[PDB]
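Chemist: Pasting start.pdb here (PDB, C-alpha atoms):
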ATOM      1  CA  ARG F 404     -48.960  96.964  -1.029  1.00  0.00           C
ATOM      2  CA  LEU F 405     -51.613  99.680  -1.215  1.00  0.00           C
ATOM      3  CA  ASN F 406     -49.498 102.822  -1.029  1.00  0.00           C
ATOM      4  CA  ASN F 407     -46.027 101.785  -2.281  1.00  0.00           C
ATOM      5  CA  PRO F 408     -45.760 100.632  -5.927  1.00  0.00           C
ATOM      6  CA  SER F 409     -42.158  99.556  -5.299  1.00  0.00           C
ATOM      7  CA  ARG F 410     -42.989  97.053  -2.534  1.00  0.00           C
ATOM      8  CA  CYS F 411     -42.846  93.589  -4.049  1.00  0.00           C
ATOM      9  CA  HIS F 412     -41.080  90.342  -3.302  1.00  0.00           C
ATOM     10  CA  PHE F 413     -40.907  86.727  -4.440  1.00  0.00           C
ATOM     11  CA  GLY F 414     -42.590  83.667  -3.051  1.00  0.00           C
ATOM     12  CA  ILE F 415     -39.572  82.973  -0.844  1.00  0.00           C
ATOM     13  CA  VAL F 416     -40.069  83.897   2.817  1.00  0.00           C
ATOM     14  CA  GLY F 417     -37.797  83.013   5.698  1.00  0.00           C
ATOM     15  CA  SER F 418     -35.612  84.184   8.530  1.00  0.00           C
ATOM     16  CA  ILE F 419     -32.075  83.875   9.854  1.00  0.00           C
ATOM     17  CA  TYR F 420     -31.852  82.979  13.545  1.00  0.00           C
ATOM     18  CA  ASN F 421     -28.930  85.336  14.122  1.00  0.00           C
ATOM     19  CA  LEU F 422     -27.896  88.006  16.630  1.00  0.00           C
ATOM     20  CA  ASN F 423     -27.369  91.628  15.575  1.00  0.00           C
ATOM     21  CA  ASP F 424     -26.799  91.412  11.825  1.00  0.00           C
ATOM     22  CA  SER F 425     -24.287  88.554  12.195  1.00  0.00           C
ATOM     23  CA  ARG F 426     -24.170  85.016  10.880  1.00  0.00           C
ATOM     24  CA  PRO F 427     -26.363  82.581  12.835  1.00  0.00           C
ATOM     25  CA  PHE F 428     -24.767  80.705  15.739  1.00  0.00           C
ATOM     26  CA  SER F 429     -27.039  77.689  15.573  1.00  0.00           C
ATOM     27  CA  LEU F 430     -27.826  75.112  18.241  1.00  0.00           C
ATOM     28  CA  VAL F 431     -25.778  72.475  16.406  1.00  0.00           C
ATOM     29  CA  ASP F 432     -22.897  74.954  16.184  1.00  0.00           C
ATOM     30  CA  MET F 433     -22.866  75.419  19.949  1.00  0.00           C
ATOM     31  CA  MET F 434     -23.194  71.675  20.653  1.00  0.00           C
ATOM     32  CA  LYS F 435     -20.673  70.523  18.022  1.00  0.00           C
ATOM     33  CA  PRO F 436     -17.345  71.054  19.896  1.00  0.00           C
ATOM     34  CA  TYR F 437     -18.666  68.952  22.753  1.00  0.00           C
ATOM     35  CA  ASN F 438     -19.702  66.222  20.328  1.00  0.00           C
ATOM     36  CA  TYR F 439     -16.209  66.150  18.823  1.00  0.00           C
ATOM     37  CA  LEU F 440     -14.639  65.952  22.286  1.00  0.00           C
ATOM     38  CA  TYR F 441     -17.072  63.146  23.112  1.00  0.00           C
ATOM     39  CA  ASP F 442     -16.020  61.259  19.987  1.00  0.00           C
ATOM     40  CA  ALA F 443     -12.309  61.627  20.762  1.00  0.00           C
ATOM     41  CA  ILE F 444     -12.707  60.543  24.388  1.00  0.00           C
ATOM     42  CA  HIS F 445     -14.854  57.577  23.369  1.00  0.00           C
ATOM     43  CA  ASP F 446     -12.116  56.710  20.878  1.00  0.00           C
ATOM     44  CA  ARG F 447      -9.699  56.510  23.802  1.00  0.00           C
ATOM     45  CA  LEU F 448     -12.274  54.426  25.681  1.00  0.00           C
ATOM     46  CA  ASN F 449     -12.648  51.964  22.800  1.00  0.00           C
ATOM     47  CA  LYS F 450      -8.896  51.606  22.363  1.00  0.00           C
ATOM     48  CA  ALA F 451      -8.642  50.924  26.100  1.00  0.00           C
ATOM     49  CA  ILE F 452     -11.388  48.301  25.819  1.00  0.00           C
ATOM     50  CA  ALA F 453      -9.524  46.576  22.991  1.00  0.00           C
ATOM     51  CA  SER F 454      -6.242  46.372  24.924  1.00  0.00           C
TER      52      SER F 454
ATOM     53  CA  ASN A 455      -0.722  74.271  38.811  1.00  0.00           C
ATOM     54  CA  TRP A 456       0.491  71.510  36.516  1.00  0.00           C
ATOM     55  CA  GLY A 457      -0.094  67.829  37.069  1.00  0.00           C
ATOM     56  CA  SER A 458       2.278  65.433  38.777  1.00  0.00           C
ATOM     57  CA  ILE A 459       5.584  64.983  36.936  1.00  0.00           C
ATOM     58  CA  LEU A 460       7.270  61.570  36.723  1.00  0.00           C
ATOM     59  CA  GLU A 461      11.067  61.302  36.686  1.00  0.00           C
ATOM     60  CA  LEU A 462      11.662  58.601  34.073  1.00  0.00           C
ATOM     61  CA  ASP A 463      15.089  56.993  33.697  1.00  0.00           C
ATOM     62  CA  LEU A 464      15.675  55.300  30.337  1.00  0.00           C
ATOM     63  CA  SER A 465      18.488  52.989  31.441  1.00  0.00           C
ATOM     64  CA  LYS A 466      16.425  49.858  30.661  1.00  0.00           C
ATOM     65  CA  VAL A 467      14.957  50.670  27.238  1.00  0.00           C
ATOM     66  CA  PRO A 468      16.059  47.635  25.173  1.00  0.00           C
ATOM     67  CA  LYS A 469      18.970  47.780  22.755  1.00  0.00           C
ATOM     68  CA  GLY A 470      18.441  49.109  19.270  1.00  0.00           C
ATOM     69  CA  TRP A 471      15.171  50.772  20.301  1.00  0.00           C
ATOM     70  CA  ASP A 472      14.502  54.470  19.970  1.00  0.00           C
ATOM     71  CA  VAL A 473      12.916  56.160  22.961  1.00  0.00           C
ATOM     72  CA  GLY A 474      10.172  57.521  20.717  1.00  0.00           C
ATOM     73  CA  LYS A 475       9.056  54.199  19.254  1.00  0.00           C
ATOM     74  CA  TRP A 476       9.466  52.449  22.609  1.00  0.00           C
ATOM     75  CA  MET A 477       7.164  54.981  24.260  1.00  0.00           C
ATOM     76  CA  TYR A 478       4.767  54.847  21.301  1.00  0.00           C
ATOM     77  CA  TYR A 479       4.267  51.101  21.644  1.00  0.00           C
ATOM     78  CA  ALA A 480       4.021  51.554  25.416  1.00  0.00           C
ATOM     79  CA  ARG A 481       1.117  53.917  24.762  1.00  0.00           C
ATOM     80  CA  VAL A 482      -0.562  51.545  22.352  1.00  0.00           C
ATOM     81  CA  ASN A 483      -0.160  48.290  24.287  1.00  0.00           C
ATOM     82  CA  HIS A 484       0.157  49.675  27.853  1.00  0.00           C
ATOM     83  CA  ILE A 485       3.133  47.272  28.114  1.00  0.00           C
ATOM     84  CA  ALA A 486       6.764  48.380  27.756  1.00  0.00           C
ATOM     85  CA  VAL A 487       9.412  45.721  27.179  1.00  0.00           C
ATOM     86  CA  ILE A 488      12.559  46.508  29.166  1.00  0.00           C
ATOM     87  CA  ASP A 489      16.005  44.903  29.366  1.00  0.00           C
ATOM     88  CA  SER A 490      17.269  44.210  32.887  1.00  0.00           C
ATOM     89  CA  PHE A 491      20.557  42.838  31.508  1.00  0.00           C
ATOM     90  CA  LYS A 492      21.727  45.927  29.684  1.00  0.00           C
ATOM     91  CA  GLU A 493      25.407  46.744  29.877  1.00  0.00           C
ATOM     92  CA  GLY A 494      24.498  49.867  31.864  1.00  0.00           C
ATOM     93  CA  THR A 495      23.116  47.705  34.695  1.00  0.00           C
ATOM     94  CA  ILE A 496      26.260  45.559  35.011  1.00  0.00           C
ATOM     95  CA  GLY A 497      27.545  47.321  38.122  1.00  0.00           C
ATOM     96  CA  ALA A 498      24.306  46.962  40.044  1.00  0.00           C
ATOM     97  CA  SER A 499      23.833  43.333  38.987  1.00  0.00           C
ATOM     98  CA  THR A 500      27.412  42.291  39.780  1.00  0.00           C
ATOM     99  CA  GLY A 501      27.490  44.305  43.007  1.00  0.00           C
ATOM    100  CA  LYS A 502      30.009  46.925  41.879  1.00  0.00           C
ATOM    101  CA  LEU A 503      27.489  49.794  42.145  1.00  0.00           C
ATOM    102  CA  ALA A 504      24.714  50.696  44.551  1.00  0.00           C
TER     103      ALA A 504
END
Rewrite the coordinates I just gave you, this time as structure tokens.
Modeler:
Amino acid sequence: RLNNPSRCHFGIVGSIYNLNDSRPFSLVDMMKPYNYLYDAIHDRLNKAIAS
Amino acid sequence: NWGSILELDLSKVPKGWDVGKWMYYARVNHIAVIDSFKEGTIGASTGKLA
């Protein structure tokens, strides 16, 4: 940068999709419990279909 | 609020069967083998009990 000799970084650029300095609560995180419940209930459904 | 509660009497679970394993196979197969001619049913069958 022009005025600050100490401003430098690496080629790596990115972002965390977080809320207020926390770890990111992703979309998959907030859909995962429902997917697990779906899998368990469909397990019951399949075992019912077998019997 | 809890669901409906069933009053289950175990007087017909077959001989030599644990209640746990009996109920476990009833879960799995949806079919529970019972024994109508258990010694505990002798009074009702022979007319000595209600």
Chemist: Name the residues that the PyMOL selection byres ((chain A) within 9 of (chain F)) pulls out of this structure, and write them as a PyMOL selection string.
Modeler: chain A and resi 482-484
Chemist: How would the residues just chosen look if you wrote them out with C-alpha atoms as a PDB file, in the frame of the given file?
Modeler:
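Once everything was written out, this is again_37.pdb:
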ATOM      1  CA  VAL A 482      -0.562  51.545  22.352  1.00  0.00           C
ATOM      2  CA  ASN A 483      -0.160  48.290  24.287  1.00  0.00           C
ATOM      3  CA  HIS A 484       0.157  49.675  27.853  1.00  0.00           C
TER       4      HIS A 484
END
Chemist: Taking the file above as input, evaluate the PyMOL selection byres ((chain A and resi 469-472) around 12) and report the hits as a PyMOL selection string.
Modeler: chain A and resi 464-468+473-479+486-494
Chemist: Those same residues, written as a PDB file, in the frame of the given file with C-alpha atoms?
Modeler:
ATOM      1  CA  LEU A 464      15.675  55.300  30.337  1.00  0.00           C
ATOM      2  CA  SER A 465      18.488  52.989  31.441  1.00  0.00           C
ATOM      3  CA  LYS A 466      16.425  49.858  30.661  1.00  0.00           C
ATOM      4  CA  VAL A 467      14.957  50.670  27.238  1.00  0.00           C
ATOM      5  CA  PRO A 468      16.059  47.635  25.173  1.00  0.00           C
ATOM      6  CA  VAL A 473      12.916  56.160  22.961  1.00  0.00           C
ATOM      7  CA  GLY A 474      10.172  57.521  20.717  1.00  0.00           C
ATOM      8  CA  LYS A 475       9.056  54.199  19.254  1.00  0.00           C
ATOM      9  CA  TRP A 476       9.466  52.449  22.609  1.00  0.00           C
ATOM     10  CA  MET A 477       7.164  54.981  24.260  1.00  0.00           C
ATOM     11  CA  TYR A 478       4.767  54.847  21.301  1.00  0.00           C
ATOM     12  CA  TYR A 479       4.267  51.101  21.644  1.00  0.00           C
ATOM     13  CA  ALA A 486       6.764  48.380  27.756  1.00  0.00           C
ATOM     14  CA  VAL A 487       9.412  45.721  27.179  1.00  0.00           C
ATOM     15  CA  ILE A 488      12.559  46.508  29.166  1.00  0.00           C
ATOM     16  CA  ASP A 489      16.005  44.903  29.366  1.00  0.00           C
ATOM     17  CA  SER A 490      17.269  44.210  32.887  1.00  0.00           C
ATOM     18  CA  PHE A 491      20.557  42.838  31.508  1.00  0.00           C
ATOM     19  CA  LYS A 492      21.727  45.927  29.684  1.00  0.00           C
ATOM     20  CA  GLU A 493      25.407  46.744  29.877  1.00  0.00           C
ATOM     21  CA  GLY A 494      24.498  49.867  31.864  1.00  0.00           C
TER      22      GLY A 494
END
Chemist: What gap, in Å, lies between atom CA of residue F:414 and atom CA of residue F:429?
Modeler: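 Interatomic distance, atom CA of residue F:414 to atom CA of residue F:429: 25.0 Å.
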Chemist: Just the number, please: distance in Å from atom CA of residue F:413 to atom CA of residue F:428, one decimal.
Modeler: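 Calculated distance between atom CA of residue F:413 and atom CA of residue F:428 is 26.5 Å.
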Chemist: Just the number, please: distance in Å from atom CA of residue A:480 to atom CA of residue A:503, one decimal.
Modeler: 28.9 Å
